[PDB]
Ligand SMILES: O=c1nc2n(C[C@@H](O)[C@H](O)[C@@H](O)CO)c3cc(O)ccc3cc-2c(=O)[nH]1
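In the block that follows, a single chain appears as structure tokens, in the form deposited without the ligand.
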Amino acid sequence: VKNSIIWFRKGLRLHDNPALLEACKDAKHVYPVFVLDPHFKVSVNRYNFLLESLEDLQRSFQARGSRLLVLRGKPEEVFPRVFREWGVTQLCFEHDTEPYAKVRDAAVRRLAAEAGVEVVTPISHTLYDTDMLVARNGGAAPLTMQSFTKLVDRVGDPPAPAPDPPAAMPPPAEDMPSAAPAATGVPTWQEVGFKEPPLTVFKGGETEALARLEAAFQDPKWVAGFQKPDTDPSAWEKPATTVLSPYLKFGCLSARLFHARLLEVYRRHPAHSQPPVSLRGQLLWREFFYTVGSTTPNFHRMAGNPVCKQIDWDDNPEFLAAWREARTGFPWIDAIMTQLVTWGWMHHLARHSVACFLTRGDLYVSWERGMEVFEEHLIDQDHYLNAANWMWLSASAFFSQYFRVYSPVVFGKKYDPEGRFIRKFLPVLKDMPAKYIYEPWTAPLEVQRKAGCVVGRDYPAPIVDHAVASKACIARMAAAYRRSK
């Protein structure tokens, strides 16, 4: 008989899950598995988001006669056991192009073959088979968004979302010891070792992802006319973009479903925005960075990375600490960095502000250091997207216009002159008059005292003078660029 495992890593969804559909086909028993390495820096925000995503999967599987098995251990150690215990003949999982995934998945494939297990690994985390895209482009990934968009337009539409799985699923076999409920339940953030609770406002799981998708498409005119660079990074009550990145990162939402819904709207709105600024463009940025990242060695590092300029970043731990701890003395910067740690998500241009500040803009700290801080706190932390955008923002790859430097004072003021965003994430400045809220060190001491926010006592003074720092950084950047002629 056919006993299959559908192994969840990303692709934490029932919809558009060809791995799942295959595992269920003609199956007597299906074991939906997630492998939790229990000795696993990572914020509780992201880890709890994953846990909530597993809980959602548990509910969906229980609604269909099955249940999610959260196995504790390393895959190489767990799968050999359950292959034989469950008499498994087929192992299915969504393909993953991350470096670790290639190593892990190769090891699992070898073990599967030893046990006579058929391995099926469809593509469904990305819009396209990214290796096919590289092959269609003559064997090398495009290195600009312009050429990437021309490639995908020549390739055509991505595959349609896979059908929904059956309303009843073949369950796991009863009395299998490795499937005992007490050993295979979804843990809470407390049980895995976290002491502080999650603070983010975005709940994980496919069910939330689909609801947020529908909310975004409630206004097709907004979807059609979406222009990413025109959106407001200070909007926090109702974020100006979809906030689907956490759900796309974990696969709670299919990118192909997202794309297909976009085309349905675009068909009815002929003036809809186009790439790169359109909502479809945003999925293409993701596809672009996955394609280049997956084919580039050491993509997440500077040294040994062929696409990354070698820059003489300062090893300045005090500057890094100040930025990381939201005490730069620039409320716009510190507010965004507070949003990072509390929500684990910020608007793209808020990420621009803090990343430019840390790297080529002001502090001249390496983008690898900023990426590590983002990697800890972002609930949408994505290996390729985080690396690519950090290289972009530091002018190390893809982007080279290092004379464009965001002001940590003026940038946010264009959107939010009252500083409502600052007042939300930095309550110490709640009473500061708007005239000074972006530059509190310029307020008269009487204003500071009346506002209950004395610079140097309640809120730090700026760690740099932007005018002086940005001029020095641009000088260093120009030098670094001449070095790599």
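Definition used throughout: the rigid core is the maximal C-alpha set that superposes within 1.5 Å between two forms. Position 1 is the first residue in the sequence shown; the rest follow in order. Shifts are known only where both forms have a C-alpha.
Not on display, but discussed next: the form solved in complex with the ligand.
> Only one of these stretches, 29-37, 58-66, 422-430, 447-455, has heavy atoms within 4.5 Å of the ligand in the bound PDB entry; which one is it?
Contact criterion met by 29-37 only.
> Although the ligand is absent from this view, report whether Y100 comes within 4.5 Å of it in the bound PDB entry, heavy atoms only.
Within the cut-off, so yes.
> Closest heavy atom of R104 to the ligand in the bound PDB entry, within 4.5 Å or not?
Yes, contact at 4.5 Å.
> Would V42 show up as a contact with the ligand in the bound PDB entry if we use heavy atoms at 4.5 Å?
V42: contacts the ligand in the bound PDB entry.
> Just to confirm, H15 within 4.5 Å of the ligand in the bound PDB entry by heavy atoms?
Answer no; every heavy atom of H15 is more than 4.5 Å from the ligand in the bound PDB entry.
> Name the single residue among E368, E208, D96, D129 that comes within 4.5 Å of the ligand in the bound PDB entry, judging by heavy atoms.
None of the other options qualify; the answer is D96.
> Since the partner is left out here, which residues of 42-67 would have a heavy atom within 4.5 Å of the ligand in the bound PDB entry?
Heavy-atom contacts to the ligand in the bound PDB entry: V42, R46, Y47, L50.
> Could you point out the stretches of 3 or more consecutive residues whose C-alpha atoms all move by 2 Å or more between the shown form and the other one when the rigid core is superposed?
Moving stretch: 37-40 alone.
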